[PDB]
Structure formats: C-alpha cells, structure tokens
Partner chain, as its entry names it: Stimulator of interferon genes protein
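Encoded as structure tokens, the following chain is the form solved without the partner chain, with no partner shown.
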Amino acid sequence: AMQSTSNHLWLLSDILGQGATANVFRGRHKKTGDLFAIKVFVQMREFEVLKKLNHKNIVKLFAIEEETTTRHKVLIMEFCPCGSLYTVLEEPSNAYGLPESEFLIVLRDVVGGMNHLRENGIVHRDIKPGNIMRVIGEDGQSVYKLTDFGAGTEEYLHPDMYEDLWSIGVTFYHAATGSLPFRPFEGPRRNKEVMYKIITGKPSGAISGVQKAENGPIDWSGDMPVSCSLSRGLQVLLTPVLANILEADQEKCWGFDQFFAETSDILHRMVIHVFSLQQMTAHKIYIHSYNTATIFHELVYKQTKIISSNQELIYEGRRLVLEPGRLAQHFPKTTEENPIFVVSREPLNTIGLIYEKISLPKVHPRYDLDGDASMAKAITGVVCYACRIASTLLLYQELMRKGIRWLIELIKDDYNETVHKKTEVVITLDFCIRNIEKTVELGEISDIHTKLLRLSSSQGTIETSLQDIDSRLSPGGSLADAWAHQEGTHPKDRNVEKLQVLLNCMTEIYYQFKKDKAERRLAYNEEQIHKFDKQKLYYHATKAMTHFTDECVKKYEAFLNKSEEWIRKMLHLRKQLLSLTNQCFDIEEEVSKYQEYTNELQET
C-alpha cells in the first residue's frame, strides 16, 4: 500500500521527516526512476515563486503536483540522501564538535544561503540543524542547503520570541562544540523556566551557560570549551561573532550587514600551519591572502606569545626567512603534517597539548531502550574524543621528531658557516703573522707579536670549543635525536587504529541501539542481544581507556618530559655557537686593523 501521483510514487515505509505541518517521504519518478523528496500535506503563487529559487545552498523545489487518492498538494523537492545537519551532529565523531574543515563548509553554505534569501526577501524565522540538509557535491565535499521556510524550535528561540540571527548563533555553537550553549540540569524540559531565566540573564560577552546541578547556578563562559575540535586561531575569530549575536538587546545586535561582513572576512582567509617546536603546540593562522608577513608574525605572537623579531622559521629541512612585505598567498603551501616550525632564542615553556580529561560514564543495568540509546551515544562520543586526542598526540610526536631532526641540521649549517669564517681568519692570520717574520724602534714590531699571538691563542680556544660542539652534534654526543625515536608512541605501534577498532564496535552497537529505540519493544530473543551487546559496550570502552591512558598518554608524557630537557640543552648550545661565531667576527676585524697597519708603511 502506497500513495502515488501522475509523475511520482512513494512508499509509506520510506518516511524521512515527520513534522506537524506535513510528512516527507522518499519517492521516485514514474518515468525516470530518479529519487525525489515528496512532501505530502495564495499557495499557487507563493509556491511557483519558490521554483525559480536556484542556489547552491537552497533545496530546489522542482514541481507541485496533486496526489491521486486524496488530491493533496504534493511538493516535489530535491532529495538529500545524507540527511540534515542534526543527523550529522548525532554521529559520535561529531559529539564534541564538527571537524574544522566541515565546520567551514557549514558556515559558508548557511551564510551563502540566507544571503540569497535576503536578496529575495524571505525570513527563515527558524534556523536549526534540522532545517539544513546535507548533499554530497560532485567533488566529494558536503553541500548544505536550506529547505523548510513556510507556514519554530524550542531550543533555538529568541528571548523575546520565546514568550533571526539568534538561532544561527546557537546552530554554529552546536556545530562547533557538539552541545547546546544554554543547557539546564535536567535539560530544556521541566527546567523550561530555567531555560528562559538563562537567556534573560544576558551576560552579553558570554556565550555558554551550563547548570551542572539541579536548581543550582549557571556556569557562564565567553570562550569555547576545551573539547572544541576547532583550532585556537578559529576560536579567536568565531567567539566575537557569536557573542554579539547572542543578546536580546537590539541596540547591541549586529544585524545581517555586520554579520555577513565579519563572516565573509573569516571565509576569505587562508590557513598557514605553524607548529611551535619549543612549546610542542600546533596552530593554525587564519590570515588573508593579501596580508603581509608582518601581520603574520603578529598572529603567531597572539597565539604563541613569541616576539616577532625572535620568530625563526623552518620549512622542509631548511631555514625560512619571511620578508616583512611578502604576501600570504606567496607563502609555501602547508598542511597539518608539513607545517612551518617556529623556534625562538628566548626560553619557552614546554606545554604540549591541552585537552579536556573526561572519564567513562557509568552504565546502568536498567533495560531501557531510550536510556541505553542516550547512554550509548555519550559513551561512544567519549571514545571518539579519546581517539581524536590519541591521533593528535601521535601527530605532535611525529611533528616533534621531524622538527628536531631538522633543527639539528640547521644548527650544523650554522656550525659549518662558522668554519668558513674561521678558515678566512686562519689564512689571514698566518699570511700576516709570517709576512712580518720575513721583513724582521722595534717596539712597533714586538707589540704586534704580543697581539698576534694573543689572537692565534684566542682563535685556537674557539677551535677547541667548536670541535666540542661538533662532538655534541655527533651521534650519541649528549644532544642526539635518537631518544625521540625510542620514547613516545609511533605509527608502528598502530595505537590510533587499535582504538578505532573498538570504536567501530561501539558505534555498531550504538547504531543498533538507535534502531532498538525506534522499535517500541523487542522480542525475548532480541531483548537478550540488546542486553548482551550492552555489556560488550562497557568492556570495549574499558579496554580502550586502559590502552589510551596506560600506553598513549604515558608514552606521550615520557616523550614530553624528555623533550623539555633536550630543549634546554639545545638552547644552551645555540648560545655558545652564537657567542663563538661572534668571537670570530670581531677578531676578523681585529686582524683587519693590523693587516693594513704595519704591513704597509709609508716611504717615497
């Protein structure tokens, strides 16, 4: 049994969305077989004007047909097989926030879609992840579209409307943190009056309000949580956009013009990957392609507290000198695995990666299809977070080994250049101390040897202290990079994939529990499978957290503690080589005052 039309037909089992106004079914065309989104319920004019609406970020309304049996007005819309943004946020990998690249696609499509709607004059009123569909483009990247804006949601209401830019800020915060900005204790249900009190609290600059106790306080915050998977450079640019659109004051509201301007400023910026080798921290500098490198060093300082003049950059095993006027679009292309390492002559504190330390929530023995579903979603997102941090800690160590293996070669290049200037002084020394011996009232000569022999003696002390550094930069010379290969974790251990095996098992049990919740009750046979796999869900999470802390974190903190000591020894050797090289330049000019002095007397 199923309904049909003159051109389309759909099964009632293939139901997609179910709302108050109508329901949307997954249907096909009677002549082509292509899949369409069939929506089964003044109109003839406001619907044909939605047909001409053609935009990348808007679901195309193809045609309007009338059903056969009930003669109901049926809308033939574009089918989006990936679901809505809410479906994307339900996956455990996005439980603590979307990927940073995926987050930029959402912001670009949402802004690009509403801007086209404002050019035509359509107010969306309700903008939630349920109103934003996802389509895979021809290139493989996601494409987000708007669809439902005709005649919103309890969690995405303005305080004055609770009794346009508001729901957009809640959606972006939800997509960036994986959670809602204003959450009471028992959720926005019976604590609905608390939800209204949270919004009317209007802390202006703050964007979050977590009630971690029943009828307790409201923990405000103006910054993104630590679990946010976005880069620190993106949070600095995203925070003021949300804070200025999350307050009831129309006097202090931004409006679409200032919103579209500042959002376009973020999307027009390219990414420059920079890894602080002395702090063991990876960063992402969001800089426009037309800015100079001076502004680039400014953004590196605002994210690493490194002075611009002290920023010494390394790229692909060689030093990198950035001209203060060199545009950002002419910088070398960088990735997360091949960034621009920044080192400074000043001593820097070794911090490492900062992440939220979360534990496993206890599993309840109550057989509750809704309880086990909400429990499986939270515990699987925790493993995704631990699997995310594990891969980040592995990347930090692998980036650390390359940066250290490069820096020792850059130091050996500075040592070899000192040898070049040493041979220039030794040749000048010998060809001037012996050219006097050939020619040899004598105090004009004896004072030279008492000064030339002091130069050859102090120059020799540089040679002894240089070959010592050559012995320190040798394998096993109290500065070798061999410890980095024999301390932390490696891709050979395959720790990220060992956690990802247990993650897929927990996700399949979660997806099965997600299906078990749709079914109101299970049979006796399926009930025990739901209980047996529920216990396996705990053993998989316990096995992963044990392997995460007792292997990934222990080896990381052992590698980090070893790195903090090697940085001091490296900073100590750089100060000696710099002094020894400076002791070769000042004596290079001290032998210049004597090579022309007595060697060239005056006589007709």
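Numbering follows the first chain given and starts at 1.
The same protein has a further form, the form solved in complex with the partner chain, not shown here; the description that follows concerns it.
Taking the partner from elsewhere, no residue among 118, 282 and 392 has a non-hydrogen atom within 4.5 angstroms of the partner chain in the deposited bound form.
Under a 4.5 angstroms non-hydrogen atom cutoff, the partner chain in the deposited bound form lacks residue 288 among its neighbouring residues. Shown alone here, residue 454 lies farther than 4.5 Å from the partner chain in the deposited bound form, counting heavy atoms only.
Within 4.5 Å of any heavy atom of the partner chain in the deposited bound form lies no heavy atom of residue 56. The shortest heavy atom separation between residue 16 and the partner chain in the deposited bound form exceeds 4.5 Å. Note on contacts: among 60, 29, 574, 562, the single residue with a heavy atom within 4.5 Å of the partner chain in the deposited bound form is 29. For the options 200, 461, 528, 474, the one in contact with the partner chain in the deposited bound form, meaning a heavy atom within 4.5 Å, is 528. Remark: of stretches 44-52, 548-556, 531-539, 564-572, the one touching the partner chain in the deposited bound form is 531-539 (heavy atom within 4.5 Å). The partner is not shown here, but in the deposited bound form the stretch 363-386 reaches within 4.5 angstroms of the partner chain through a heavy atom at 365, 366, 367.
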